[PDB]
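The structure under discussion appears below in the form of structure tokens.
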Amino acid sequence: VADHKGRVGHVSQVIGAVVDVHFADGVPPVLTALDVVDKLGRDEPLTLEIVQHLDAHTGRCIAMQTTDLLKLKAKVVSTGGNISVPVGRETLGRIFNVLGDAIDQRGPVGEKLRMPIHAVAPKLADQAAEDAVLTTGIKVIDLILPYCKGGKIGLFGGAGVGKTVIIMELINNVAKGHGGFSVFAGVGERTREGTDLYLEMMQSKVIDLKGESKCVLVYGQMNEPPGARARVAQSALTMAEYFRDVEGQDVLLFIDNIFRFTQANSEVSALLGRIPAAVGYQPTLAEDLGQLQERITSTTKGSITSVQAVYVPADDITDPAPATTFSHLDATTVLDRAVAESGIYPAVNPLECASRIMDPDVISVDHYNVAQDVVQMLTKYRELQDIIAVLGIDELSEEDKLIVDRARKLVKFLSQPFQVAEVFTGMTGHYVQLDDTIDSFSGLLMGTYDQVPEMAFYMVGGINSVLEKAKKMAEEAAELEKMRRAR
Amino acid sequence: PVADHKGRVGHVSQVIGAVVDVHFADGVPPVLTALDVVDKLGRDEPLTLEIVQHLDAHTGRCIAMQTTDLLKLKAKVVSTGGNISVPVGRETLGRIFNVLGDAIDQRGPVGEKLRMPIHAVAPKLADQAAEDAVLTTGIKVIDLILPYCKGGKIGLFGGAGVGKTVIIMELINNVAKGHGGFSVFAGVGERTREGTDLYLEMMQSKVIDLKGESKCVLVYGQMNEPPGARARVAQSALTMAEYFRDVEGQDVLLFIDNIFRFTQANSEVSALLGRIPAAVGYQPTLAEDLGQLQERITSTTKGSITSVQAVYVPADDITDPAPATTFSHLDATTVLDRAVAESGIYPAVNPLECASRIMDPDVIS
Amino acid sequence: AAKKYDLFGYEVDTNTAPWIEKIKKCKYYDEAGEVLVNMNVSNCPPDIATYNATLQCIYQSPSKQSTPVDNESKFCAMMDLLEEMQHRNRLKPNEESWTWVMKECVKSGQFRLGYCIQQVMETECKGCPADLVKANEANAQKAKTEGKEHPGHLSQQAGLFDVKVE
Amino acid sequence: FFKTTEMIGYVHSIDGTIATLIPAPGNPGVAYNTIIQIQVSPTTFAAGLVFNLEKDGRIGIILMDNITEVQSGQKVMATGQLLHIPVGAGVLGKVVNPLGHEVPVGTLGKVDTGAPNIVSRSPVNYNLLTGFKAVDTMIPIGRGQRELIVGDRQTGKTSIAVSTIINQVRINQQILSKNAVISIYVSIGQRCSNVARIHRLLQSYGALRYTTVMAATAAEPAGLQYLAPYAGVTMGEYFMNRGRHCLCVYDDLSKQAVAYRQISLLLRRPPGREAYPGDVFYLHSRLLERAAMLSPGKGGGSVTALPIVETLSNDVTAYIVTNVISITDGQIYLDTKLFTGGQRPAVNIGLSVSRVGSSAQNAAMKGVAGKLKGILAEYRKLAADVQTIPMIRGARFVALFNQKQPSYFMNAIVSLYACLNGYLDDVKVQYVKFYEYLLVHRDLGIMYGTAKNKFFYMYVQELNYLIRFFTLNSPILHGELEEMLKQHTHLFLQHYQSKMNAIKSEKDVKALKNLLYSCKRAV
Amino acid sequence: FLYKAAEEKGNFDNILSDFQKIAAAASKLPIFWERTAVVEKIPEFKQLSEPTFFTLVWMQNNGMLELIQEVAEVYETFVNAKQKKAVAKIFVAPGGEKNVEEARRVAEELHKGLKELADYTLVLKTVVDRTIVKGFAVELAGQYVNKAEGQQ
Amino acid sequence: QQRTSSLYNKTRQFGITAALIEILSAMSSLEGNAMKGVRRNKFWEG
Ligand SMILES: Nc1ncnc2c1ncn2[C@@H]1O[C@H](COP(=O)(O)OP(=O)(O)OP(=O)(O)O)[C@@H](O)[C@H]1O
Ligand SMILES: Nc1ncnc2c1ncn2[C@@H]1O[C@H](COP(=O)(O)OP(=O)(O)OP(=O)(O)O)[C@@H](O)[C@H]1O
Ligand SMILES: Nc1ncnc2c1ncn2[C@@H]1O[C@H](COP(=O)(O)OP(=O)(O)O)[C@@H](O)[C@H]1O
Ligand SMILES: [Mg+2]
Ligand SMILES: [Mg+2]
Ligand SMILES: [Mg+2]
């Protein structure tokens, strides 16, 4: 029973997306892929993945397509191994699905090798220490929670806070000039978002159809059944692993949204005879996510910079899924709806974010000291806000009001217009250098700009843009005064 | 015609609470069929069952309208040849009935012309009315913020001891007595004494002329009744109203108190039927049961039915699935709050949470 | 001559001559839109010539459909067609398209729309056909003398409490 | 030469609106998610849908019609095909069931199709005018977009969608049928009376000619309520795949989930959160993914979705509500407090969003909306934390957002432009609606013989398309536009506001109050 | 199990006779005898073949004696398939089974159409259906032809 | 603070209950659908 390739079985049960298969010669190994060859009148092929063994002959499986028009006792044939996806530079500039089949209608892809989507995670000895700052061109991220090359980044947020927008900005700022390759994995998200991404990448020449592309797309979206949404992440991760190990390149891995991977497995968990855990997730929530996350790491052969978007259901960060993902990250960016409702974008709550490289040994001492002072001031400002509502701004001492005035400028100075949100904002985006951000905040803390109007820091880039906006504000104010004077 | 299954013989196979399984050798009768237990069993009253499910080609699950005390296995049961039918017509006016349609007033026989089944299909789209008018109740809050519509559906959502019953009596006094059409009072899971007080009040007001023509019918299945009866008394009372609406083209008032007990009763049986329960513990078919019942309570092109239903909110939780589902089935909603009553304000209507459909300048001034 | 490519890089059919002939054989101008629909389905995006033919059919057609359609207006349909062409297709209307619009305004007697179209041609295009400008002015003179320059109910004197707010 | 059906077994058990089947030994068998016919009589059949295929051979069936006629032991025939329903222009103006059966009033499309591929779509760039100033400005909607309408009971969720359908009637009559917007209104679990009232309301405005209704009333079994959205969108996919645009309204998805929960629990499917089935998100997800904007290569058609969802005590933290919000491209949140406060429609702009953005706005509306957005943002913050220009115009914009019927594009855009450029600064907030009514339905300049404009007048409804082409801030239209507003403001202030501010009599005061309230419900 | 045991001996009609005896005996047993059953004690079952009696005791141990009427149906299906016999069910109204001449013709026509049953021998089995007042229906290998009418 | 601490406790106590009737409803539906089969025991040997 070593080689199960071509082994035959018969469908025994069909309930939703879960199918039970009976093999007379013994069920193949778990995670094996099966094709339902018997022609059932379907417009699309049907493939199954074994997840459990009910006995020596019966095996439970999840389908990757809809189980429509599927009858009992239909003929199943094993593929002789797990689900395989093409790898190599020939996949660049292309779009794939969970099964590794191109869906761009752009002709056959020349594949020299295929790899299984299920692989063992790197061991402890295969871990590389890479502590280097990644400049995203964003004031908030570069200052409070700087990102590390070869590390893991999470964007925790609710619905409508700007998780997808930030990913687009990061791609525009980090991927266009990236030396290596990029892999984008759409998981249980809107299909139109992927289309807009594909158009933008072609315009930015990341995907050069006539020339050489430098990115791959793998899409399993909401429309797809839960079986596909529970494996698309593995497929894209497999492609990145190949680029990391075989090609020895530094690769970017964007995932949106990783929560859907957990959600899909929960949907099928009920039909697999597993008692639900708290809230209603599957009992295997932590383990399944851990195996995937550990594969997303930088080893001694190559480096993977991973950016993952996490959906916090109903803005409840205590939910098991968001919480379980916090320990598998090197830099967490927590977005808050209240901040967005105040017109601040990106709606980052610096008090809740964290970064591993926020240590003087890794980053410059000035960078570390400035960030901590900003955080302390924001923390103190929030405490004062409680007083300001009960007593009023008048009661605050001279020192307190200075903190209030400076802190408000910090809150507004953290906002930044992105180059991808011009339609949303109506203004050109800015790319702030790391040094400019540190200097700009350092001067603000010590009062170098106490006389600048507060609104001059709202939706601007570096300090230079602040001064220009202040000058423009002064000019318009003078014009209004002149108009009033004539009256 | 005569049913092809009348006189069919079955034997009791399983008994659990008010749920009884019956095995018929020749085939289980159709669903909703009525069966009578023939064995004496030393009972003090007859035993009647209503079929609700088919376990197999020969076995059927049923709910008992009376207590299942002294019921043994293998007991003999006979089909009645049709669903549970109740009397209709003017003969029922001035009389008190139960779920089975038997008069409980200790008076002469009804002598009805005919009977009609409790279970019936609802009016279709083409048989719906388009008349909007204001029913003046004499109450300031209702007539101003949430005016009621003639021939419409009205709901009084309230907790315990808030004023639901009082408002109904006030409406009855201010409308039913001075009403040209007929009236039907459906007591469902409410105090028996309230029915007695209502019966005396209707006799004193001479709405029930024992020796003359009456304008009111009473149908009562109360708290003491088992869950089976409380889940069907509303159907029987509604069936009488349907007859007056259609067969006579007469305006009808339908005062139901309390509708929540109807859903509660179906919950109790559903737990015994072996159904997985939905949120809180209600049956999964909560919405369907209300929809079938409420859709029958409507005004057609032949006649008009103005319905006033009391809704009980358990633990004062308005988000409970029972009252929550009822909002979509009401033209006028009247929400009562305990805190308002504790402030000495009666009625305890919370106008902000109240609503009406005729609050439209095209209808009211 | 030169292959055109769509948004995603796929090629689009450019031989749009047969469709123009079909357009020029329609009776009611609503049928012309059906031809444009078929062209789009067949991945044969219309060119400037196709839109001009559609405008010509609108001007020369008796009515929108065999049966009358309430509140139907040839001018509105043509303007919407131009809006689709310039905005959702990125094609600049030429002199021919605007001339058809001006002819419709003159033919329909809408002398106020003619003034606006006259400036449009004088702004984007090079002037206006002087034949149509004079005709439009002539239409204005007719109702200028007939007491129908402005609907009368508009000109009725009113007051604070003399206006019926439906 | 016989009409030989495919018998597959008998009916074993019946539990309400669902049933179970036992297959006869040595029979072909039935396929999953297929339609079957239960022979209630030698000539009458009841429709059922396959839902489960168990190891024992038993089959789970969701009944759709003639439930009362179903009994244990009856024969079952297998059609062997999925659900297909009639589709075409011949269904418009009619009331139908999810099975396609027409409901009397007083081409076959598959219901289980897949959503368009990623490369089969195009960016959203065509607006869909709801007719409401608040939505069209701050919450743009584009064809091929899924825009949730979430709110509490009795807040205008149904009215706004119906008004949106009605607002297309006037447009569809003028422009070619190519760009006409068809409507598929789906009623789920609603009262039969409400459907009839909606049908009459649509008929009064003549919307039936471009609209069809798919009704699954409460009395109907859960199966029909479960298939109504899929059947409704299927009727709308016929136009999408043929170069036309459609608008599908679901009223409402909250009651669909209840029906799906009822079916799943009865057919012994393990329960989940709030007893809902585990795959409840996938239900709506595949429903709303079928609404897209096809690429130029496939025709350019689209389907616009306006699902409706109900909350409890303004709690958007519920299960199904959160799932739908994570799917749609935007949400219109109707707030109870605003509704009782006189703001109608009670659109909460802060909690409402459209992820398409300005791309779904016409070039004329872009300039007005962008500047309007900044003013309101400041207005919210100023009051939350002094008569300055943003605060003066912000209140007037809010007052202009009160409506009862959809507004023609020309009337709405013009009024917003006037308030934007300070023309209403001297006008009291209470009188803004009265000012708007005179501007639209009257012409002060002509009344007082001071109108010198050549073409730009509010009674020339054909100017809407010229405005939508050139923009208000263009030399062709800008010059006359300012002149008309300047004349209208001066005349309005001189002849109307002066008298209005001089009223002290109780009779006059009451008469003025009725006028202004009427103006809210007129324009 | 009953098919495998009978196949070794090569005789299958013995089991069919045993089921016939069981059905006849059950008609006289008291109601719900399956639930008060000791097949060993019942004399009617003493005349059954060893395989059938063994199976009956097997069921009584698991309390599944109510499946007797369904196990027989499966066994007959196996026997008919092994013997290459195709059974056509003729559904007729109660008392209307007198005339089946058309039913046989329809059954033969269906048999001819089916290529799989070319070698199988045609058999007719009459069933009484109370749902049809007039006419008849024929079912063969899933192919169902209806030529019947019910109450109007 | 004694009206939002008696509703922080009446709402913590209804979560521990409502979330346990939800686990134990799934357990009870994953148990009844696990059907008992024919036992291949020695009924003769007893
Ligand atoms: N309009 C009213 N004016 C004064 N007191 C009232 C009024 N309505 C109710 N009450 C008081 O509230 C008590 C309970 O009223 P009622 O009998 O209507 O309760 P209910 O809503 O029917 O509740 P339940 O039937 O569950 O007991 C009355 O006995 C009376 O003391
Ligand atoms: N813009 C509006 N201005 C004034 N009244 C309105 C407006 N929109 C709706 N209404 C009125 O508000 C009431 C509720 O409207 P609607 O029927 O749309 O509510 P809904 O959201 O569908 O609630 P439900 O369906 O749960 O009853 C009706 O009386 C309706 O006429
Ligand atoms: N930088 C930004 N500037 C302005 N608005 C933004 C920005 N980022 C996000 N938004 C708002 O959020 C919407 C997009 O939400 P999105 O990024 O998809 O969030 P998520 O995926 O977390 O729901 C935009 O339409 C806009 O309303
Ligand atoms: Mg997103
Ligand atoms: Mg009471
Ligand atoms: Mg509604």
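By order of appearance in the structure tokens: chains A, B, ..., then residues from 1 within every chain, and ligands from 1 in the order shown.
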
Which chains and residue numbers are within 8 Å of ligand 3, counting only C-alpha atoms and all ligand atoms, if I want them as a PyMOL selection string? (chain A and resi 157-166+311+340+343-347+416-418+420-422+424-425) or (chain D and resi 326+330+353-357)

Give me the residues near residue 31 of chain B as number ranges by chain, where near means some atom within 10 Å (using only C-alpha atoms) and where sequence neighbours in that chain fewer than 4 positions away do not count. B: 50-54, 60-62, 82-83; D: 14-16, 68-72

Quick one: everything within 8 Å of residue 133 of chain C, counting only C-alpha atoms, minus sequence neighbours fewer than 5 positions away in the same chain. Send it as a PDB file with N, CA, C and O atoms, in the first residue's frame.
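Result file follows (out39.pdb):
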ATOM      1  N   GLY C 114     -30.805  74.818 -28.011  1.00  0.00           N
ATOM      2  CA  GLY C 114     -29.981  75.185 -29.150  1.00  0.00           C
ATOM      3  C   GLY C 114     -28.934  76.222 -28.796  1.00  0.00           C
ATOM      4  O   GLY C 114     -27.801  76.164 -29.279  1.00  0.00           O
ATOM      5  N   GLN C 118     -25.134  75.682 -29.236  1.00  0.00           N
ATOM      6  CA  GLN C 118     -24.445  76.632 -30.100  1.00  0.00           C
ATOM      7  C   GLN C 118     -23.128  77.076 -29.481  1.00  0.00           C
ATOM      8  O   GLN C 118     -22.098  77.132 -30.164  1.00  0.00           O
ATOM      9  N   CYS C 128     -20.657  77.072 -35.308  1.00  0.00           N
ATOM     10  CA  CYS C 128     -21.877  76.320 -35.530  1.00  0.00           C
ATOM     11  C   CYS C 128     -22.332  76.520 -36.967  1.00  0.00           C
ATOM     12  O   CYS C 128     -22.084  77.580 -37.553  1.00  0.00           O
TER      13      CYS C 128
END

Fewer than 6 positions away in the same chain doesn't count, so skip those; otherwise give me all residues within 12 Å of residue 148 of chain E, counting only C-alpha atoms, as JSON, numbers by chain. {"D": [41, 42, 43, 44], "E": [90, 91, 92, 93, 96, 103, 129, 130, 131, 132, 133, 134, 135, 136, 137, 138]}

Please tabulate, as a Markdown table, the residues of chain B that come within 12 Å of chain F, each with its closest pair of atoms and the distance in Å to one decimal, counting only C-alpha atoms and ordering rows by chain, then residue number upward.
| residue | atom | partner | partner_atom | distance |
| --- | --- | --- | --- | --- |
| B:274 | CA | F:32 | CA | 10.2 |
| B:275 | CA | F:29 | CA | 9.6 |
| B:276 | CA | F:29 | CA | 7.1 |
| B:277 | CA | F:25 | CA | 7.7 |
| B:278 | CA | F:25 | CA | 9.0 |
| B:279 | CA | F:22 | CA | 8.2 |
| B:280 | CA | F:18 | CA | 7.4 |
| B:281 | CA | F:21 | CA | 8.7 |

Keeping only N, CA, C and O atoms, write the selected residues to a file as a PDB file, in the first residue's frame.
ATOM      1  N   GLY B 274     -38.381  15.901  19.555  1.00  0.00           N
ATOM      2  CA  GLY B 274     -37.039  15.508  19.183  1.00  0.00           C
ATOM      3  C   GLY B 274     -36.420  16.418  18.143  1.00  0.00           C
ATOM      4  O   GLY B 274     -35.729  15.952  17.232  1.00  0.00           O
ATOM      5  N   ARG B 275     -36.664  17.717  18.269  1.00  0.00           N
ATOM      6  CA  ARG B 275     -36.095  18.724  17.385  1.00  0.00           C
ATOM      7  C   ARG B 275     -34.983  19.464  18.110  1.00  0.00           C
ATOM      8  O   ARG B 275     -35.119  19.803  19.290  1.00  0.00           O
ATOM      9  N   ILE B 276     -33.885  19.712  17.409  1.00  0.00           N
ATOM     10  CA  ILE B 276     -32.814  20.507  18.017  1.00  0.00           C
ATOM     11  C   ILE B 276     -33.323  21.927  18.229  1.00  0.00           C
ATOM     12  O   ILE B 276     -33.906  22.516  17.302  1.00  0.00           O
ATOM     13  N   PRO B 277     -33.142  22.515  19.405  1.00  0.00           N
ATOM     14  CA  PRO B 277     -33.726  23.827  19.667  1.00  0.00           C
ATOM     15  C   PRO B 277     -32.848  24.960  19.170  1.00  0.00           C
ATOM     16  O   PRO B 277     -31.620  24.865  19.132  1.00  0.00           O
ATOM     17  N   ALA B 278     -33.506  26.047  18.796  1.00  0.00           N
ATOM     18  CA  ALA B 278     -32.829  27.233  18.295  1.00  0.00           C
ATOM     19  C   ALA B 278     -32.345  28.081  19.469  1.00  0.00           C
ATOM     20  O   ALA B 278     -32.290  27.631  20.616  1.00  0.00           O
ATOM     21  N   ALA B 279     -31.965  29.323  19.181  1.00  0.00           N
ATOM     22  CA  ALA B 279     -31.473  30.223  20.211  1.00  0.00           C
ATOM     23  C   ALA B 279     -32.453  30.298  21.370  1.00  0.00           C
ATOM     24  O   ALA B 279     -33.667  30.165  21.197  1.00  0.00           O
ATOM     25  N   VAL B 280     -31.910  30.505  22.568  1.00  0.00           N
ATOM     26  CA  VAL B 280     -32.694  30.608  23.795  1.00  0.00           C
ATOM     27  C   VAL B 280     -33.273  29.251  24.178  1.00  0.00           C
ATOM     28  O   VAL B 280     -33.201  28.844  25.342  1.00  0.00           O
ATOM     29  N   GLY B 281     -33.847  28.544  23.210  1.00  0.00           N
ATOM     30  CA  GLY B 281     -34.483  27.269  23.466  1.00  0.00           C
ATOM     31  C   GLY B 281     -35.784  27.114  22.712  1.00  0.00           C
ATOM     32  O   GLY B 281     -36.487  26.113  22.868  1.00  0.00           O
TER      33      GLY B 281
END

Residues near residue 195 of chain D, cut-off 9 Å, only C-alpha atoms, skip fewer than 5 positions along chain, as an NGL selection string: (:B and (125)) or (:D and (187 or 190 or 200 or 213 or 215 or 217))

Atoms to include: N, CA and C atoms. Write the selected residues as a short mmCIF file (atom, residue, chain, number, x, y, z; two decimals), in the first residue's frame.
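Output saved as selection-v9.cif:
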data_model
loop_
_atom_site.label_atom_id
_atom_site.label_comp_id
_atom_site.auth_asym_id
_atom_site.auth_seq_id
_atom_site.Cartn_x
_atom_site.Cartn_y
_atom_site.Cartn_z
N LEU B 125 -52.49 36.99 -2.53
CA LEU B 125 -52.18 38.39 -2.81
C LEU B 125 -53.39 39.10 -3.42
N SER D 187 -38.97 40.02 -1.93
CA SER D 187 -39.55 40.09 -0.60
C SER D 187 -39.44 38.73 0.06
N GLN D 190 -41.82 38.53 4.37
CA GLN D 190 -42.65 39.69 4.63
C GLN D 190 -44.13 39.31 4.54
N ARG D 200 -48.77 48.04 -5.73
CA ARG D 200 -49.58 49.19 -6.11
C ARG D 200 -48.73 50.45 -6.19
N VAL D 213 -41.22 41.57 -9.31
CA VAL D 213 -41.26 41.25 -7.89
C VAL D 213 -41.19 39.75 -7.71
N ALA D 215 -41.71 37.15 -4.61
CA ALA D 215 -42.29 37.16 -3.28
C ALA D 215 -42.24 35.77 -2.66
N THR D 217 -43.70 34.93 0.84
CA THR D 217 -44.36 35.45 2.03
C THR D 217 -44.07 34.56 3.23
#

DSSP alpha helix (DSSP H) selection over segment 156-262 of chain A, as a PyMOL selection string: chain A and resi 163-170+191-203+226-229+232-245+259-262

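The space separating atom CA of residue 90 of chain D from atom CA of residue 292 of chain D comes to 23.5 Å.
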
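Atom CA of residue 29 of chain C to atom CA of residue 90 of chain C spans 23.2 Å [interatomic distance, one decimal].
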
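From atom CA of residue 297 of chain B back to atom CA of residue 99 of chain D, the distance works out to 26.2 Å.
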
Could the residues of chain D that have an atom at most 8 Å from ligand 2 be listed as a Markdown table, each with its closest atom pair and the distance in Å to one decimal, counting only C-alpha atoms and all ligand atoms and ordered by chain and ascending residue number?
| residue | atom | partner | partner_atom_place_in_ligand_line | distance |
| --- | --- | --- | --- | --- |
| D:151 | CA | ligand 2 | 21 (O) | 6.9 |
| D:152 | CA | ligand 2 | 21 (O) | 6.8 |
| D:153 | CA | ligand 2 | 26 (O) | 3.8 |
| D:154 | CA | ligand 2 | 23 (O) | 3.5 |
| D:155 | CA | ligand 2 | 21 (O) | 4.4 |
| D:156 | CA | ligand 2 | 18 (O) | 3.2 |
| D:157 | CA | ligand 2 | 21 (O) | 3.3 |
| D:158 | CA | ligand 2 | 22 (O) | 3.7 |
| D:159 | CA | ligand 2 | 18 (O) | 3.5 |
| D:160 | CA | ligand 2 | 8 (N) | 6.3 |
| D:310 | CA | ligand 2 | 26 (O) | 7.3 |
| D:343 | CA | ligand 2 | 3 (N) | 7.9 |
| D:344 | CA | ligand 2 | 1 (N) | 4.5 |
| D:345 | CA | ligand 2 | 1 (N) | 4.2 |
| D:346 | CA | ligand 2 | 1 (N) | 7.6 |
| D:402 | CA | ligand 2 | 1 (N) | 7.1 |
| D:403 | CA | ligand 2 | 1 (N) | 5.2 |
| D:404 | CA | ligand 2 | 1 (N) | 4.0 |
| D:405 | CA | ligand 2 | 1 (N) | 6.7 |
| D:521 | CA | ligand 2 | 3 (N) | 7.3 |

Would you save the residues of that selection, restricted to N, CA and C atoms, as a short mmCIF file (atom, residue, chain, number, x, y, z; two decimals), in the first residue's frame?
data_model
loop_
_atom_site.label_atom_id
_atom_site.label_comp_id
_atom_site.auth_asym_id
_atom_site.auth_seq_id
_atom_site.Cartn_x
_atom_site.Cartn_y
_atom_site.Cartn_z
N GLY D 151 -30.29 48.71 9.45
CA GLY D 151 -30.96 49.61 10.38
C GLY D 151 -31.86 48.85 11.31
N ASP D 152 -32.55 49.60 12.15
CA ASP D 152 -33.54 49.03 13.05
C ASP D 152 -34.91 49.04 12.38
N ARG D 153 -35.85 48.34 12.99
CA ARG D 153 -37.20 48.27 12.46
C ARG D 153 -37.82 49.66 12.42
N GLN D 154 -38.57 49.93 11.35
CA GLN D 154 -39.25 51.22 11.17
C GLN D 154 -38.24 52.36 11.15
N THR D 155 -37.34 52.31 10.16
CA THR D 155 -36.37 53.37 9.96
C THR D 155 -36.22 53.78 8.50
N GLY D 156 -36.95 53.16 7.58
CA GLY D 156 -36.87 53.51 6.18
C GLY D 156 -36.04 52.58 5.33
N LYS D 157 -35.73 51.38 5.81
CA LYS D 157 -34.93 50.46 5.02
C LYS D 157 -35.65 50.08 3.73
N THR D 158 -36.95 49.80 3.82
CA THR D 158 -37.70 49.43 2.63
C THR D 158 -37.99 50.63 1.74
N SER D 159 -38.36 51.76 2.35
CA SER D 159 -38.77 52.92 1.56
C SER D 159 -37.64 53.41 0.67
N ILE D 160 -36.42 53.47 1.20
CA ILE D 160 -35.30 54.02 0.45
C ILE D 160 -35.02 53.17 -0.78
N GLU D 310 -31.70 43.99 9.39
CA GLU D 310 -32.31 44.55 10.58
C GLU D 310 -31.47 44.22 11.80
N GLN D 343 -35.02 63.75 11.18
CA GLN D 343 -34.14 63.56 10.04
C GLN D 343 -34.61 62.34 9.26
N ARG D 344 -35.10 62.57 8.04
CA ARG D 344 -35.61 61.50 7.20
C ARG D 344 -35.22 61.75 5.75
N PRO D 345 -34.46 60.85 5.11
CA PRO D 345 -33.99 59.56 5.63
C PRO D 345 -32.98 59.72 6.75
N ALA D 346 -33.03 58.80 7.71
CA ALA D 346 -32.18 58.87 8.90
C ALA D 346 -30.81 58.25 8.65
N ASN D 402 -33.13 66.31 4.21
CA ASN D 402 -34.44 65.77 4.57
C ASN D 402 -35.29 65.67 3.31
N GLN D 403 -35.81 64.47 3.05
CA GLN D 403 -36.59 64.22 1.85
C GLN D 403 -37.65 63.17 2.15
N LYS D 404 -38.66 63.14 1.30
CA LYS D 404 -39.68 62.11 1.32
C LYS D 404 -39.78 61.34 0.02
N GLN D 405 -39.42 61.95 -1.10
CA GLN D 405 -39.42 61.31 -2.40
C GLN D 405 -38.10 61.56 -3.10
N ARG D 521 -41.73 67.77 2.78
CA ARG D 521 -42.28 66.59 2.13
C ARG D 521 -42.54 66.80 0.64
#
